[PDB]
Amino acid sequence: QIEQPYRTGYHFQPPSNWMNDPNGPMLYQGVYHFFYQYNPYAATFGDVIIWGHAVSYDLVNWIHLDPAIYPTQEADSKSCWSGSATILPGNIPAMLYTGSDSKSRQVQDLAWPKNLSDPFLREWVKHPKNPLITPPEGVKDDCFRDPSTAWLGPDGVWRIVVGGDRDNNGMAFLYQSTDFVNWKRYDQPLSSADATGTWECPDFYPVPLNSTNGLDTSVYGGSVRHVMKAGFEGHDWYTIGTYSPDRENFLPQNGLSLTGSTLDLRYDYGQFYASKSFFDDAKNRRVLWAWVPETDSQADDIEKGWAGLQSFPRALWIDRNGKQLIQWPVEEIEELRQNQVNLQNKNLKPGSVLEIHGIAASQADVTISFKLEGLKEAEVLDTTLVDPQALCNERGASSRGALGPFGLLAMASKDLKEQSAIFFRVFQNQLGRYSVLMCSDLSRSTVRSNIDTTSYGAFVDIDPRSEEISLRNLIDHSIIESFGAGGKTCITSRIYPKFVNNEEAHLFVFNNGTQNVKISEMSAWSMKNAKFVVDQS
Ligand SMILES: *[C@@H]1O[C@H](CO)[C@@H](O[C@@H]2O[C@H](CO)[C@@H](O[C@H]3O[C@H](CO)[C@@H](O)[C@H](O)[C@@H]3O)[C@H](O)[C@H]2NC(C)=O)[C@H](O)[C@H]1NC(C)=O
Ligand SMILES: *[C@@H]1O[C@H](CO)[C@@H](O[C@@H]2O[C@H](CO)[C@@H](O)[C@H](O)[C@H]2NC(C)=O)[C@H](O)[C@H]1NC(C)=O
Ligand SMILES: OC[C@H]1O[C@@](CO)(O[C@H]2O[C@H](CO)[C@@H](O)[C@H](O)[C@H]2O)[C@@H](O)[C@@H]1O
């Protein structure tokens, strides 16, 4: 019998109970601050949600503090929902969040540290005038929330967006202010989309072209593009475009309005929601946090006493081609690497399974690169309108193709009765052009009942002819984060195999295709636990 086999060893999560949306992340005076929607009374959502608070010097090891923002005014008497942090000139962290007032209205409130000499910013004070912003004209009281981090225009005016919808039409309501206290709604929203429902936790920020670095939220220029991110219809979507502060106009590069279809981009194609980023000026990088929901049952959560994880902080930047974003675990995670097991120039015959020995299979960092043999043998399949998730669910690791499925078997039991398969497939259209599919087959991840074992998939934008297909996996008990092609395609999975209660997990490399594939390089590292120190009461 193993105690709490589903808790992670290096992912952020509270000592116990329910946690969802990441809030107000930021770097202040050398300290990384992290906040999050928290229910201090149960392992499920509840009537009283507050901001949990933790600090870190490296984004890996944390110190849990007492909740920072909780009901104290009429403006947030019923709950303190999502918000963002903006460090104003003069070095004051300003927090804008959505509060549920005494009349159950979603309103935007302001708060800031009450003791800037405290490196951990434990105590916060609320602005006497809260709420600072209330639902506009024709917007429902429960469809106006999640203010973003603000950006200061060259005209000295601050901007922020607040999510919501007007008649089921997603909205990124734009507000302006010079003193950060008196805000005025701009005539038109920054962006929007028909019939998408409320836009949750919108994020708007710039990314430097031809650079793998991040930018302060207030930078603008021709060598900069902006990202409009919004959560709706159950997923986080984003679109790259150009921002004209003068006209408060956001023009999507592909000219499309978000539709929540295979036409739009996502940060992650698995369990990933309410993602929020912040700029780290110490390392000139933009860091992204995201809530990773549970996929087990509510009864399971109540029984184990907790629910919700945060994805591991990832650096974020725009690809050299300028058409999509790239994500990668922040370098500080590399410090958790212990012993290493490596493989090179290893052939994987059709229908073969190769076990990787010597690694702590439940807590590891695994990278593998495949060198393909005979691309022309790729199954012919035009994927212009194909839904990659549907395809992955239809063709799991047991569905044998020509090129694919080949990849990893993670959180697998000795006998393989339970396994999580992260793999690729290679296809070609009629004109000989290749496409690459990345799948997270969770269909056999557990023999347990009442577990959402839906699989996830996405197409990887690489040319198999000149690029080996690479895959990195962050394995941490009940969560697996997969990065294909250096972060071009990310998929986060939650799995709950039964075997982990009394036996060790295993790790395998496999190839169930009819074509041979070669492992050119494979690096696996056992990952030690991140430190979580409690400093409360
Ligand atoms: C690689 O592809 C194999 C061929 O599809 C796949 O086979 C597994 O074993 C047999 C076929 O050899 C099949 O299992 C069937 O029988 C069991 C009874 O124990 C049923 O419960 C299953 O539903 C199924 O009818 C399957 O095709 C497959 N087994 C399972 C669990 O589906 C291998 O498993 C594939 N290898 C990898 C690593 O995925
Ligand atoms: C504001 O923050 C400072 C810095 O943490 C607090 O000062 C510490 O207070 C504890 C308990 O009183 C002492 O043991 C430490 O030695 C103090 N350190 C410093 C830097 O002076 C201070 O108490 C906080 N102010 C309030 C009102 O709580
Ligand atoms: O915890 C509140 C936080 O949750 C989000 C997650 O997307 O929205 C959920 O909670 C709201 C308040 O109860 C609901 O109105 C909303 O429908 C639900 O999805 C965030 O939007 C919000 O800040």
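Residues numbered from 1 in each chain as written, not as in the entry; some residues may be left out. Chains lettered and ligands numbered in written order. Heavy atoms only, no water.

Per the deposited record, the coordinates in this entry were obtained by X-ray crystallography to a resolution of 2.50 Å.

Q: Provide a residue-level description of the overall build of the chain, including the pertinent values.
A: What the chain contains, in helices and strands, is two helices and 39 strands. Rg of the C-alpha trace for the chain: 23 Å, near the compact-globule value of 24 Å for 537 residues, within the 12% margin. Dimensions of the chain along its principal axes, counting C-alpha atoms only, are 70 × 55 × 40 Å. Relative to its full complement of 537 residues, the chain shows a buried share of 61%. Here the contacts in the chain between residues at least 6 apart in sequence split such that 64% fall between residues at least 24 apart. When the accessible surface of the chain is totalled, it reaches about 20,700 Å², and 47% of it is carbon and sulfur. (Helix = DSSP H or I, 4+ residues; strand = E, 2+ residues; numbered from the N terminus. Rg over C-alpha atoms; globule rule 2.2 N^0.38 Å. Buried < 20%, exposed > 50% of the residue type's maximum accessible area, 1.4 Å probe, protein only. Contact = heavy atoms within 4.5 Å. Areas by Shrake-Rupley, 256 points an atom, 1.4 Å probe, with all protein chains shown as cover.)

Q: Give a detailed account of the site of ligand 1, specifying residues and quantitative values.
A: Neighbouring ligand 1 are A397, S398, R400, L409, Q419, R444 and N512. In this structure, an oxygen atom belonging to ligand 1 sits 3.4 Å away from a side-chain N or O atom of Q419. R444 places a side-chain nitrogen or oxygen 2.8 Å from an oxygen atom of ligand 1. Relative to its unbound accessible surface of 720 Å², ligand 1 loses 35% to contact with the protein. For the shell around ligand 1, a count of residues per class yields two nonpolar, three polar and two charged. (Near = heavy atom within 4 Å. Polar contact = N/O pair within 3.5 Å; in protein donor to acceptor, adjacent residues only side chain to side chain. Nonpolar A, V, L, I, M, F, W, Y, C, P; charged D, E, K, R; others polar.)

Q: Describe in detail the domain arrangement of the chain, supporting the description with residues and values.
A: According to the domain assignment, the chain contains domain 1 (15-337 + 528-537) and domain 2 (338-527). The straight-line distance from the C-alpha centre of domain 1 to that of domain 2 is 31 Å. Domain 1 puts 33 residues into the contact, and the matching count from domain 2 is 32 residues. Taking both partners together, domain 1 and domain 2 bury about 2,800 Å²; carbon and sulfur atoms supply 51% of that area. Its largest share of buried area at the contact with domain 2, domain 1 owes to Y269, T295 and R337, together 26% of the area lost on that side. (Domains from an automatic or database assignment. Buried area = accessible area lost by both parts, 1.4 Å probe.)

Q: Describe empty space enclosed by the protein, and please don't skip the residues or the numbers.
A: Tallied over the full model, the rule gives two cavities of 30 Å³ or more. One number sums up the size of the largest cavity: a volume of about 70 Å³. A class-by-class count of the residues in the lining of the largest cavity yields seven nonpolar, four polar and no charged. A volume near 50 Å³ is recorded for the second largest cavity. (1 Å grid on protein atoms, 1.4 Å probe; cavity = no way out; pocket = protein on both sides within 12 Å on 5 of 7 lines; lining within 4 Å. Points joined across faces, edges and corners; volume = space filled by probe spheres on them.)

Q: Describe the site of ligand 2, with residues and values.
A: Taken together, the neighbourhood of ligand 2 is formed by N115, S117 and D118. Separating an oxygen atom of ligand 2 from a side-chain N or O atom of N115 is a distance of 2.4 Å. Between an oxygen atom of ligand 2 and a side-chain N or O atom of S117, the distance comes to 3.3 Å. For ligand 2, the protein covers 19% of the area, taking 570 Å² as the surface of the free molecule.

Q: Give me the lowdown on the state of the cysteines, citing residues and values where you can.
A: Evaluation of the coordinates by the stated rule reveals one disulfide. Disulfide partner of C392: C439, at an S-S distance of 2.0 Å. Here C392 and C439 share a disulfide; its torsion about the S-S bond, -80 degrees, makes the bridge left-handed. A residue pair is termed long-range when its members are at least 10 positions apart, and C392 in helix α2 (residues 388-394) and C439 in strand β32 (residues 434-441) qualify at 47 residues. Given the relative accessible area of 1%, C392 is considered buried. For the unlinked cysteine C143, the closest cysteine sulfur is that of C201, found at 14 Å. The thiol of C490 is not disulfide-bonded; the next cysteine sulfur, from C392, is found 15 Å away. (Disulfide = S-S within 2.5 Å.)

Q: Describe the UniProt feature "domain: Glycosyl hydrolase family 32 N-terminal" (unreviewed entry) in the chain, naming the residues involved and giving the relevant values.
A: On the UniProt side, "domain: Glycosyl hydrolase family 32 N-terminal" (unreviewed entry) is annotated at positions that read residues 11-329 here. Split by type, residues 11-329 is 2% helix and 47% strand. Its first and last C-alpha atoms lie 11 Å apart. (UniProt positions renumbered as here; feature names shortened; annotations may be inferred.)

Q: Mind laying out the pattern of salt bridges, listing which residues take part and the relevant values?
A: Between side chains of opposite charge, pairing is possible as soon as their charged atoms come close. One pass over the full model with this rule turns up 27 salt bridges. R314 is the salt-bridge partner of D268, the closest N and O atoms lying 2.8 Å from each other. Here the residue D268 occupies a position in the loop between β19 (265-266) and β20 (273-280), and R314 occupies one in strand β24 (residues 314-318), the gap between them amounting to 46 residues. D268 gets classed as buried once you look at its relative accessible area, which sits at 2%. When its relative accessible area of 0% is taken as the criterion, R314 is described as buried. (Salt bridge = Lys/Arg side-chain N within 4 Å of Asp/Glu carboxyl O.)

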